[PDB]
Amino acid sequence: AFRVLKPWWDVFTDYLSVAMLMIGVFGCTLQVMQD
Amino acid sequence: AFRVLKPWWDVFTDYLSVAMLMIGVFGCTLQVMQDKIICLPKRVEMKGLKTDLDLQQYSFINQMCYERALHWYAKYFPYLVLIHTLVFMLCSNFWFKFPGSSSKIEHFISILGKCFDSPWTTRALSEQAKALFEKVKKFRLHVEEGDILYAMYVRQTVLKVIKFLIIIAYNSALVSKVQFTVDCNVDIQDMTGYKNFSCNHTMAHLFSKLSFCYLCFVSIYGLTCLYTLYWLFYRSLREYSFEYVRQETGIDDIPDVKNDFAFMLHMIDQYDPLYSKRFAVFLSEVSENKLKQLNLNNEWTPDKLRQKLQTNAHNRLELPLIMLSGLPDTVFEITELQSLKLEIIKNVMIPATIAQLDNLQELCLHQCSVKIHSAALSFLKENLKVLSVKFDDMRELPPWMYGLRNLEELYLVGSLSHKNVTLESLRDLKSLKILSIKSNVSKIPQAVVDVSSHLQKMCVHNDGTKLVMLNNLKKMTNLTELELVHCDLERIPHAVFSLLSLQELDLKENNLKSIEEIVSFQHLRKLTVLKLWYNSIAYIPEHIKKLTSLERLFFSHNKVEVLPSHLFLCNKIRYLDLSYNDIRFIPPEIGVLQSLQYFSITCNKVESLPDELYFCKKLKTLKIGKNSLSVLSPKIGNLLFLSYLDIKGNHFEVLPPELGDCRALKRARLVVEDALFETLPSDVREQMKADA
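If you read the protein sequences in the order shown, they are chains B and A.
With PDB author numbering applied, the first sequence corresponds to residues 16 to 50, in that order.
With PDB author numbering applied, the second sequence corresponds to residues 16 to 59, 95 to 176, 236 to 527, 531 to 804, in that order.
Structural data, given as structure tokens:
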């Protein structure tokens, strides 16, 4: 339903998206803070 | 699932990774918070050294020299450590995060936990696990073809080792690079009026010390890998041999395991030494057999066995068995059965408990590969009297049956020639008296000669095999009853002429056409019963009158059309089978057959009945059958002892009332047309059916 529909490449893309989202949030934080 | 997969070194590596992650996060926090460079112009009673620089210039200089002079690695160290720790964690977790191997790992965890959970494992070492054996065998067949999980784990370990080596190699040189104080000569002159600056940032010494401690952790981490690497390359975990469960519990099953299975076994043993012992039980086949035995004992009750008890053909209390996987023990509790019946029961082992069933003398076996115990075999030798065996490819034949001395009657249903029969010698059968064979043997085996000293009755009913060599039958001096049914001889064999002790002769389905050997039958004065079923005989030689001892005659389903007068000279004949023949006229000489009690001419061409036939008052069975009789003589009322009459299928118009004179014949024994029976008076039919 929420797990059996994810091939390995899909899982890797999801993890890459999570990492990129974290990077973007951290970048926004630092831009607000010290830029 | 999430805990039992961690060896001690793995847990230590995880804890080191956690500590390194905490250190990296703390370093990033301090770098964001207090990592500030203070800078001053370098080259210049002591007074102050005012530089008339405003705060904006100070901050600008701090930023400029921070970008320029400060070492890149010194600035990136917290993020560097964070990245390395995250990569180590990711390469540690991808072992279970990859679904293709994660499914196998989860299946192994589930099966191991379920096997350890079963108390029947402890019972075997000392309920539903029987079906769990199927999952066990499915897993062992499917996953032993893997070993890719081991390669993946080895690759992960190699990656960790390489990362550790690189980390040490470059950090060792880079640690000495950082300094607390620093100098920067940037071209800010004529922009800020200065070029040379002395600077320092707070974290340096701390970072230095911090980095030192971090290195130590990494060092231990690397050492950990080495140990595991050595453990990977000193034991050769691709193969695992128990050699301890086999020696202690005394089980020779569970020989070895494949690369993947040995790897998982080693991992579990390092995690827990007793989990492997508990999990190995369901690999054993003997354990599976015993668990099936327990389940069968739960399924079977003595009540079920006694309900299935019945009376066999040869007047014995028998327990039929049609589909079983072994011997229930409860069967040995019921000693009143005199016979046992087995049908399609392979892999049967008879223990000494068969000695409990004292009152056993017969056994029936239908397609069963059975072996006995020593006490079981001795009990069978000393107690069995009758035995019936059915086998298809000689594999169900138990050889020890040839060693049973007290056996009396034996029945064999199975081909032996498939032309020499692979029959074992019948020497130990010291009390064999009756033999029955259902095979395709072309020549009589020599083994029977080893039993002819006490053999009394040999029955061989082949499916049509021609008995070319009958020389051994001449050795049957003690044979009193002989049957050669469907032996395809087509002539009376010369060997039977050597059997003076013979009493009853049967030649069914031999298709005898010329029988001019009846004179030789005069050499045998004990011939009371002679049988010629399903032969091509059309004429009866006069020599048959010379058989003094004849008591029964058989000519059913033959080509005899007009029967000779001299055939009636054997006044001692009591059974006369003339049905299914071309018999048309019954000669009056049948009146001299006073001793006759049987006469069947069913499915013949008989058109009239002589009155002399009714002089044979001893006739208790008369089977006219399907003939062409138009009227029945009233003299049938004189046959006071006639018990069966079969005239249905004839041309009778009205049955005579004299049928009421038949004391031994009733409605059930009277086979007549319903209209013919209706032609009888009301009193006659009332007397036949009931007692008025």
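Think of the CB as a built atom: it goes at the ideal place given N, C-alpha and C, for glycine as much as any other residue.
Quick one, are the C-beta atoms of residue i and residue j less than 7 Å apart?
{"i": "residue 310/A", "j": "residue 52/A", "result": "yes"}
{"i": "residue 722/A", "j": "residue 700/A", "result": "yes"}
{"i": "residue 519/A", "j": "residue 489/A", "result": "no"}
{"i": "residue 443/A", "j": "residue 477/A", "result": "no"}
{"i": "residue 686/A", "j": "residue 709/A", "result": "yes"}
{"i": "residue 580/A", "j": "residue 553/A", "result": "no"}
{"i": "residue 728/A", "j": "residue 754/A", "result": "no"}
{"i": "residue 656/A", "j": "residue 690/A", "result": "no"}
{"i": "residue 622/A", "j": "residue 648/A", "result": "no"}
{"i": "residue 465/A", "j": "residue 441/A", "result": "yes"}
{"i": "residue 544/A", "j": "residue 525/A", "result": "no"}
{"i": "residue 486/A", "j": "residue 509/A", "result": "yes"}
{"i": "residue 559/A", "j": "residue 585/A", "result": "no"}
{"i": "residue 598/A", "j": "residue 583/A", "result": "no"}
{"i": "residue 352/A", "j": "residue 371/A", "result": "no"}
{"i": "residue 767/A", "j": "residue 791/A", "result": "yes"}
{"i": "residue 237/A", "j": "residue 128/A", "result": "no"}
{"i": "residue 320/A", "j": "residue 284/A", "result": "yes"}
{"i": "residue 379/A", "j": "residue 149/A", "result": "no"}
{"i": "residue 242/A", "j": "residue 391/A", "result": "yes"}
So, helix, strand or coil for residue i, using DSSP?
{"i": "residue 368/A", "result": "helix"}
{"i": "residue 504/A", "result": "coil"}
{"i": "residue 746/A", "result": "helix"}
{"i": "residue 218/A", "result": "Gap note for chain A: numbering proceeds from 176 to 236 with nothing in between, so residue 218/A has no coordinates."}
{"i": "residue 666/A", "result": "strand"}
{"i": "residue 96/A", "result": "coil"}
{"i": "residue 661/A", "result": "coil"}
{"i": "residue 298/A", "result": "coil"}
{"i": "residue 728/A", "result": "coil"}
{"i": "residue 277/A", "result": "helix"}
{"i": "residue 571/A", "result": "strand"}
{"i": "residue 689/A", "result": "strand"}
{"i": "residue 556/A", "result": "coil"}
{"i": "residue 343/A", "result": "coil"}
{"i": "residue 290/A", "result": "strand"}
{"i": "residue 769/A", "result": "helix"}
{"i": "residue 697/A", "result": "strand"}
{"i": "residue 102/A", "result": "coil"}
{"i": "residue 412/A", "result": "helix"}
{"i": "residue 708/A", "result": "coil"}
{"i": "residue 624/A", "result": "coil"}
{"i": "residue 811/A", "result": "Any answer about residue 811/A is impossible in this case: the structure gives chain A only from 16 up to 804."}
{"i": "residue 535/A", "result": "coil"}
{"i": "residue 736/A", "result": "coil"}
{"i": "residue 306/A", "result": "strand"}
{"i": "residue 56/A", "result": "strand"}
{"i": "residue 126/A", "result": "helix"}
{"i": "residue 782/A", "result": "strand"}
Classify residue i as buried or exposed, calling it buried when 16 or more other Cβ atoms lie within 10 Å of its own Cβ.
{"i": "residue 425/A", "result": "buried"}
{"i": "residue 330/A", "result": "buried"}
{"i": "residue 258/A", "result": "buried"}
{"i": "residue 18/A", "result": "exposed"}
{"i": "residue 134/A", "result": "buried"}
{"i": "residue 682/A", "result": "buried"}
{"i": "residue 631/A", "result": "exposed"}
{"i": "residue 782/A", "result": "buried"}
{"i": "residue 35/A", "result": "buried"}
{"i": "residue 98/A", "result": "exposed"}
{"i": "residue 171/A", "result": "buried"}
{"i": "residue 406/A", "result": "exposed"}
{"i": "residue 588/A", "result": "buried"}
{"i": "residue 459/A", "result": "buried"}
{"i": "residue 668/A", "result": "buried"}
{"i": "residue 336/A", "result": "exposed"}
Between residue i and the ligand COA, is the CB less than 6 Å from at least one heavy atom?
{"i": "residue 117/A", "result": "You won't find the ligand COA in this model; it holds no ligand whatsoever."}
* Asked: Along the region 141-175 of chain A, what residues have a CB closer than 9 Å to any CB found in chain B?
  -> Residues passing the 9 Å Cβ filter: 147, 148, 149 and 150.
* Residues of the region 24-43 of chain B with a CB closer than 7 Å to any CB of chain E: list them in chain order, please. => Checking the listed chains, one finds no chain E in this structure; the protein chains it contains are B and A.
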